[PDB]
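Read through the structure below, which is laid out as structure tokens, and then see the notes.
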Amino acid sequence: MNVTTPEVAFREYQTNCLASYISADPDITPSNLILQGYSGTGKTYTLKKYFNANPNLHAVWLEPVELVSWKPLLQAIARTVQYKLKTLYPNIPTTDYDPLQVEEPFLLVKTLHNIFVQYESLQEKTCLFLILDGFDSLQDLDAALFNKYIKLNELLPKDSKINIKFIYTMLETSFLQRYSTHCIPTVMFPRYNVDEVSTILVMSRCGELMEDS
Amino acid sequence: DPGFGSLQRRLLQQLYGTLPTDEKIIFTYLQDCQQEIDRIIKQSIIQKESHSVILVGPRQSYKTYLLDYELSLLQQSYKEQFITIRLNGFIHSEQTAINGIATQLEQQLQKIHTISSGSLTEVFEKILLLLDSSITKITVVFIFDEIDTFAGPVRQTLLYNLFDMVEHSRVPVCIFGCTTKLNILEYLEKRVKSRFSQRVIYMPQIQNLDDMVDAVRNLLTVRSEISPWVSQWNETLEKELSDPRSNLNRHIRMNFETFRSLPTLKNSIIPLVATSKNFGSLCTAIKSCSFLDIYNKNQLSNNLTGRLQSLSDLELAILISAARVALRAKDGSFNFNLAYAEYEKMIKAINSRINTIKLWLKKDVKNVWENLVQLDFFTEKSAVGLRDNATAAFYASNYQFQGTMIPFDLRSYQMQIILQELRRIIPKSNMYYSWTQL
Amino acid sequence: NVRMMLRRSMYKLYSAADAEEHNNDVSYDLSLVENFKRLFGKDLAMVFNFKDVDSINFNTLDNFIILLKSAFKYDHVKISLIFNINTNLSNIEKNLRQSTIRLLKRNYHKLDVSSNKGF
Amino acid sequence: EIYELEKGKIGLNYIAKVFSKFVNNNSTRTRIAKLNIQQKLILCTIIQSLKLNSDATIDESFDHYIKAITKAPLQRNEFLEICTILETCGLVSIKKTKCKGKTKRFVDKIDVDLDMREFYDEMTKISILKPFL
Amino acid sequence: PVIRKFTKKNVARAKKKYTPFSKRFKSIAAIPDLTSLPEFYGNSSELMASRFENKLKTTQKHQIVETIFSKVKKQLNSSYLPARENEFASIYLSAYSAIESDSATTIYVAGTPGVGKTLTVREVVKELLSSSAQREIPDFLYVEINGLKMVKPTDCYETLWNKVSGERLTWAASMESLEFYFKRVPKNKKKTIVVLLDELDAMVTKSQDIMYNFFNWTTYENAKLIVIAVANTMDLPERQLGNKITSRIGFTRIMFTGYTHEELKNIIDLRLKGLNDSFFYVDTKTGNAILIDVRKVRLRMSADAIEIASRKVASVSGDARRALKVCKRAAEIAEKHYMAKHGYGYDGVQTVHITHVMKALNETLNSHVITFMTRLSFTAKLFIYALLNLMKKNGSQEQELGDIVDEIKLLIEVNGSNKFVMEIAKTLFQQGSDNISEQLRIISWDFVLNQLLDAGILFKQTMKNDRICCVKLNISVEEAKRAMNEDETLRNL
Ligand SMILES: Nc1ncnc2c1ncn2[C@@H]1O[C@H](COP(=O)(O)OP(=O)(O)OP(O)(O)=S)[C@@H](O)[C@H]1O
Ligand SMILES: Nc1ncnc2c1ncn2[C@@H]1O[C@H](COP(=O)(O)OP(=O)(O)OP(O)(O)=S)[C@@H](O)[C@H]1O
Ligand SMILES: Nc1ncnc2c1ncn2[C@@H]1O[C@H](COP(=O)(O)OP(=O)(O)OP(O)(O)=S)[C@@H](O)[C@H]1O
Ligand SMILES: [Mg+2]
Ligand SMILES: [Mg+2]
Ligand SMILES: [Mg+2]
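These protein sequence lines are chains E, D, C, I and A, in that order.
Counting in the entry's author numbering, the first sequence runs from 1 upward without gaps.
FYI, the numbering for the second sequence is 46 to 158, 171 to 190, 206 to 426, 446 to 529, going by the entry's author numbering.
FYI, the numbering for the third sequence is 138 to 159, 178 to 274, going by the entry's author numbering.
FYI, the numbering for the fourth sequence is 343 to 349, 383 to 446, 451 to 512, going by the entry's author numbering.
FYI, the numbering for the fifth sequence is 355 to 433, 448 to 660, 676 to 730, 769 to 914, going by the entry's author numbering.
Here it is as structure tokens:
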């Protein structure tokens, strides 16, 4: 690959095992990727540091804690994928589809298919990284919603130029031990150390204390 | 150098399965079951016969893999002679399955050269006059994924209509049902069983350890000569697989007794091949397997032992006291008052024998108590977790439970980790280790 | 529960934003708070007002406060919370969770509103 | 209408036909249709799977099976397909019910309809269905 | 303008009229003759189904290759008969004595699935259409109402009134229209109609009003309909319909009993009369058989194979479809043997015999759970062994998970002598390496919970506490006992 591993200070395994799973070629990239951790364990920081260290590949940042049930989640996916593609390849005729038309998972499949088959005018096949930061932080959550996002690349077309690659972010480890037989690449984030907390706080806070008037 | 990246990209493409469909590998333990699928599906795109089979096998047992291999193998020549209708049993409820078939009959017959429009009755009749009704027709291959949800114990209308256009139709159909239940024929209503061809073919599992090392040999060897290093990389692979005392064969041997699955090995091997930077580094990294114990340690880094290891001292005393109180009760329930009436008793007995432990007041043990329910060390009394379907997670979202209206320090919690399992995992050099006995 | 609070809150927000202006349909969640700056052109300053704070579930209320806390990153909002308590403050910060209490200890003010105080 | 099928003596066999058709035979045709002993003693297994448990799972009808004959193998498929004969005749009900128990997911049940008076006289000829009662 | 509380952007409404047949003319004395009307009874624009026909035909190309067994696999598809005579005669007489007498009868057939009831009913209607073409009777418009071919159980009104009248209304307007047309319109202006109610026990929904109306329009003197409703259980109006509607359905109740082995042998004999013992001119180069290099080949679909396929399927449920499925699987097995032995590939005599049809008779009598739990992992067999030996101690079938965990730990700690278990008990708890502490659960514990939960062997109740979550064996205990006795290590451990 040609990705740039970031210099995250105390997640050294995770950035190496994150550049081994996020690439610009859609063949050498998994279709689902879990980043299970706990509160404060550095998931979003190392994700943003990785995606800022690699400006070429395309991210979709979506947080299902401010989108309570599953229907605003589908509507927000179908909204922001189209909004990301509008500002990525501007010179393609992009007929705006309404994200509120999505009411079911099937209509998300149909809407995303009609969005993707209008970008065939490109040159080479790319992947778009849709990040669901906090999938267990969904408020009105059930045990069978995650099966509807695993088996979504089974429905998007195979010889297409834009392929959706998900990156989840879990937090609970009894949620993830239900989807264990699906064999999704799981990158676990263990809880920080006192010797590491004591200097994470120093590198984070001692800039805004001398600059505190 | 640009010589090593070709070998690495080819290796990761073989490990994902994203090869072109002429060097795409088929493992030897699933070469007989690929012959049966090839026989079934090759007398419906060519001979235009119609039938229905159900593929039973566990998750990640290569059912969608085999079926997509056939449908990409029956497309290099007979492209225009078939269309595919794929639908899940998760994202297609039994009312949204009709719109799925109508949207996928419309857009697939468009690409060869309005049935999607109308209400549900008009759409369901527009796709019953199309399928139930020298020249060659077009066949439809239905791919039902997780068919054990359409076979629910109420009506089974979609299965009756789909299996009914097998005998009684003029259009050749071939419908594949991938499921996971071994008792799938007990699910079907007795007039959908009579329409069914009864040809359920079970996927093969791994019977021998030789099958697993032959599968890894098939996955990691390179056939097409792209990089200069391949003439070494094959042989340095076989030196690890022929010798039954190396590290790679030992990890395959412990994979054969644990989860007996090739995709777990694939997710082990992929960040080994992808984090390496030079060919000699990759060679010694697969010689030693210096990553299949780094990764395998991280996969257990927080379940109930790698995050109890990261507990603090007051939190550990609170957890030990709570497990003592639950061990002392009858059915295993306690609360914050019964837990703090053991923390101060234990710590007063610590200061009795002797420099000490600061007793934190009950205004600060509340934060510790909340931090041990956000790590799942306590559950409530009978609180079920995530509900099974989406409606039962709605029916309870409108219910106001009694365990959340009572005050905080009277909620009758329950242990996740008993005191015997707490005894053996805390190190014996602890100042509370004697307090885990009872 | 939390979703009816969110739908009613964003419904009242979109109503009292599109009727105080003198046209599409959005979903009633915090995405409207995200793109309120580009939907209307004005900065948001919503002031919440919980009527019988002693009568709501605090388990639903701190979930709503957590769900509101993620609105901080949008640079044009200003959330203000107003709690109408008919009891003492040692019965609200006993029932809430401690992280929400430490979030509420950032710019809090008290105000005794009772016609027996100060005759 | 049955008079016209020959091309009060014949206006009686219809009721003597539709009464006997719905009735069939409680014990005379019971073993007659069963003719097979393996289609006979299993009905006694369901009779013994009622005065211990009311949630008579086909497993419980088959755990009773290898608590009676344990004295060519037999799999569960033979038992659950020979039960279809007792389904086809119109005695037994196998469908999915609530399955109360501890967990509330669906499973097969067994139930019988006729009162145990004439069936208890039906066993008076078979010398092997007398110890199983 | 307005701000809406929710949206229904994906809504699709039909084009269906609301005012019924009662308000066309509002004159009962001046209703026109409905029979020879241009739109009624399918007299105009009956190409309304054959619009989609030239979509599933592509290229007439590439010379498809039949084989010697492709003929039998085509003649064993969906298509006098010596099977149903005493039912065909009674049904055709009971439906002919109403066609000739302008009556309003109702015939009730029932049977377990496969006994040919819909075949004999459709042949009765074909023969009555032949009698109408011979003009010994008046004519009728034939309507088939399938109980499961409709998304709403009240769409029976819509499709019946559409088939009668050429106009499509909503279901309420259609039921009022059919009520008026079957009550008030006199018997000189309506030709009769016969209604097949296919799979009746799927329109009993929430009111029994559809079951009321279709059996209460036939109690009228002024309605010339004949309902030939089929069913799936003989005592259906005694179980799930009211006793008044039982009195409506009446006393006919002709049962289609199961087939016999002689009848089934005659059925397969008539299906293969044109192909058995005949001669085919195959070619050595491909295999393309042609019935009357080139080899004249017989085809002996042997009568002993036919009768040994027929006796078992005559015992179990007696279905003339499952007999065809058995005898088609036998021909499929023969064709696979033939093609693999000759290298033919798609673009002496041939036989089908007893030890060749026994594979087609054994393909549906295999429980592939024993051969699944043998090939299961060692930890999954150890899970099942811990669950199996907890049962003799407890007697509940519903053991907890904290008990299974401690029983697994008990077995591993109490067997410290066996070389196999001391080799495996290191990896079972620490994945064979240090820098990994001794885990509380064994490795692959959630994996072997889920691999049996999805497979239906295991049965866990939903709760948040994975120490008191109960777990049941959903299959059996006897087959788990007979599957745990072939391990060579769990037989002693
Ligand atoms: N390795 C690190 N180096 C520097 N700063 C860090 C590091 N880890 C954490 N931080 C800081 O601590 C914060 C932790 O927040 P996050 O990284 O978002 O953790 P988190 O798991 O996303 O929290 P959740 O899951 O959203 S509740 C970061 O925003 C940084 O400010
Ligand atoms: N179309 C495909 N192309 C390439 N690799 C695939 C494809 N489908 C599956 N795989 C890979 O094959 C392995 C398992 O295959 P699967 O087909 O997903 O197993 P499975 O039988 O589909 O599981 P199910 O559908 O839940 S029963 C994984 O490594 C997948 O990434
Ligand atoms: N005597 C027979 N002759 C020819 N085919 C028969 C005969 N009996 C049954 N069949 C087969 O059964 C099919 C007719 O369906 P039936 O079995 O009569 O309908 P049914 O009995 O109502 O089954 P269900 O439960 O409604 S799906 C035909 O396609 C035949 O192949
Ligand atoms: Mg985050
Ligand atoms: Mg699948
Ligand atoms: Mg039928």
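C-beta atoms are modelled at their ideal positions from N, C-alpha and C, and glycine is treated no differently.
query: Alpha helix (DSSP H) segment containing D/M237, residue limits; result: 229 to 239
query: Beta-carbon separation (whole angstroms), D/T129 vs D/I215, contact threshold 8 Å; result: 7 Å
query: Residues near I/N388 in its chain [Cβ-Cβ closer than 8 Å; skip 5 each side]; result: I344
query: A/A366 beta carbon less than 8 Å from that of D/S176; result: yes
query: Under 8 Å from the C-beta of A/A457: neighbouring residues of chain I; result: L347
query: A/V650 (DSSP reduced to helix, strand or coil); result: strand
query: Listed by chain order, chain D residues near A/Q818 by CB distance under 7 Å; result: None at all; the shortest Cβ gap to chain D is about 17 Å.
query: Own chain residues within Cβ distance below 7 Å of D/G476, not counting five before or after; result: none
query: At least 3 beta-carbon pairs within less than 8 Å: the segment 818 to 833 of chain A vs the segment 876 to 895 of chain A; result: yes
query: Cutoff 8 Å: D/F248 Cβ touching any chain E Cβ; result: no
query: The segment 192 to 201 of chain C in contact with the segment 231 to 238 of chain C per 3-pair CB rule at 8 Å; result: yes
query: Check: D/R425 C-beta below 7 Å from any heavy atom of ligand 1; result: no
query: Closer than 7 Å: A/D566 CB and nearest ligand 6 heavy atom; result: yes
query: Residues of the segment 127 to 142 of chain E with Cβ closer than 7 Å to any Cβ of chain C, in chain order; result: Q139, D140
query: Three CB pairs or more closer than 8 Å across the segment 646 to 653 of chain A and the segment 501 to 515 of chain A; result: no
query: Span of the alpha helix (DSSP H), counted from its first residue to its last, around A/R490; result: 485 to 502
query: Reduced DSSP category for A/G823 - H, G, I as helix; E, B as strand; rest coil; result: helix
query: Buried versus exposed call for A/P355 [16 or more other C-beta atoms within 10 Å across all chains shown]; result: exposed
query: Closer than 7 Å: residues whose CB approaches a heavy atom of ligand 4; result: E/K43, E/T44, E/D133, E/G134, E/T169
query: Proximal residues, the segment 375 to 390 of chain D versus chain C, C-beta separation under 9 Å; result: none
query: Within chain A, partners of I/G469 - CB distance below 9 Å; result: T601, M602, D603
query: Contact between the segment 409 to 427 of chain A and the segment 704 to 719 of chain A (3+ Cβ pairs under 8 Å); result: yes
query: Through-space distance from E/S20 to A/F868, alpha-carbon basis; result: 24 Å
query: Pick from A/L461, A/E453, A/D470 that is closest to A/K485, judged by C-alpha positions; result: A/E453
query: Proximity winner among D/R514, D/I508, D/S122, relative to A/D887 (alpha-carbon distances); result: D/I508
query: Ligand 1 heavy atom lying under 7 Å from the CB of E/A9; result: yes
query: Every unbroken beta strand (DSSP E) within the segment 28 to 77 of chain E, with a cutoff of 3 residues, ordered by chain; result: 58 to 62
query: Cβ contact (3+ pairs, closer than 8 Å) linking the segment 792 to 810 of chain A and the segment 482 to 502 of chain D; result: no
query: Ligand 5 site residues, beta-carbon cut 6 Å against heavy atoms; result: D/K108, D/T109, D/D217, D/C250
query: Chain-ordered neighbours of C/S152 on chain A, where CB pairs are closer than 9 Å; result: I357
query: A/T486: CB within 7 Å of a non-hydrogen atom of ligand 6; result: yes
query: Contact set between D/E512 and chain A, taken where Cβ atoms lie within less than 7 Å; result: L861
query: Heavy atom of ligand 1 within 7 Å of E/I200 beta-carbon; result: yes
query: A/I635 CB to nearest heavy atom of ligand 3 below 7 Å; result: yes
query: Rounded separation between E/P30 and D/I358 - CA only; result: 22 Å
query: Cut-off 8 Å between Cβ atoms - residues of its own chain near E/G42, not counting five sequence neighbours on either side; result: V8, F10, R11, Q14, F189, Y192
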